[PDB]
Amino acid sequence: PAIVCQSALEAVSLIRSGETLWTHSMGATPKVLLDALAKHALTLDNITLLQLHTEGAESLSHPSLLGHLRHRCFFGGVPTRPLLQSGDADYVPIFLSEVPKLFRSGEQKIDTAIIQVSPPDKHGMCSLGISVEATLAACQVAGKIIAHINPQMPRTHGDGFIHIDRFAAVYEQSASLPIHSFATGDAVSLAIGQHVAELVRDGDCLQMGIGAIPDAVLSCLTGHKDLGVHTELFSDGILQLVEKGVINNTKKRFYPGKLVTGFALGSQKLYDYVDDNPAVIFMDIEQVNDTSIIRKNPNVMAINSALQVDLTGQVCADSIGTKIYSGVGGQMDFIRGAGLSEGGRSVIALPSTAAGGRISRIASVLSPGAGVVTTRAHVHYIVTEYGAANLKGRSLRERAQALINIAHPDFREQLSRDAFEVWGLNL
């Protein structure tokens, strides 16, 4: 009983004022529909849009939407950062795995979910494609669903399936999926990649993010074997190790033989690989990012990044001071699960500096109001282009000492000073 709209605007029309909306996130962001909402919303007001990291939705961040629509972010992105920092949008800190629960528990109502799916099959089944994340949970509690049928959306295996009769409206058109290739090789990335690579043992169950660092790391694993994959997301980097036989998920205990993630992002080759591939399972973040599940696999290797780290090991990765940059996500859950896993190891990899090399990512103390995503007690390894530091079980003076050893040499002196002047530690 879904209405087959002839235009995106016709589909978005059902949205009424004051409604709380949810949008498919990541590579699945319904750009086609969100652009139509960029106009339709002009006639509405009090529209709240819940979301995670979004791609190609900068049309909804145009000043003309101020007063009609407001973004409510569980994770910031390129089109929302300026709005968050300018106080025009709202940032709600929350573990990614907790998002599905917030919806299902009814704590956060959702009037309508905007999503992008693959065309319905003989059974009328569609797929959430490259992004299952928390949209599946949103579609469960959503008052109504507005779907955009895109023949380009791959039919991913796992929990991304949903029946077309659960849709109030439907608009079909082939559109491009954001390939996202903003990454780029670098001298520092290679260095960090090499260091991390030495911590990776054969049969390890990987978990990583996107970027130069992750890629550099993956490029140094072409010699390992029987590696597994249980991550929040994956890109082309992984695809290459799979075709090399390096990855086979043979040593995992939870869904062995198959790759598991909450979503994917990368080139068309990747989307082609995950498309209707029995070996790739896109699972609901409430599970994939559940420490209780992650710990089930032995030798988990969790590799994440950060924005700022203090001489004590407190990790900040969702913001720079009081200005929100991204979000909590799920690096913490993976870092803990990694510690609970048999022989598991975690690693926080980041460049020793930033802003061109004038700012040290390893500061003596976190900037006033810095959002702590991962705490002292959580941290295991921290790597930089200058080496690795193991803080597990190490005291404050031991941690500070090891950290300043991987910090850029242009800041060693300062860091060492504040080690005693600020923390009162004598190395």
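Throughout, we count residues from 1 along the sequence that is shown.
- In this entry, the higher average B-factor at the C-alpha atoms falls on 172 to 180, of the pair 67 to 75 and 172 to 180.
- Looking at mean Cα B-factors across 111 to 119 and 284 to 292, the upper value is held by 284 to 292.
- Take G357, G129, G262, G266 and read off each C-alpha B-factor from the entry; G357 has the highest.
- When the C-alpha B-factors of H157, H148, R345, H230 are read from the PDB record, the largest value belongs to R345.
- Sort the chain's modelled residues by C-alpha temperature factor and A407 lands in the lowest third, per the entry.
- When the CA B factors of the chain's modelled residues are split into thirds, the value for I164 lands in the middle one.
- In the deposited entry, the Cα temperature factor of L427 sits in the top third of values across the chain's modelled residues.
- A419: CA B factor in the highest third of modelled residues in this chain (values from the PDB entry).
- Remark: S395 belongs to the lowest third of its chain, ranked by C-alpha B-factor as recorded.
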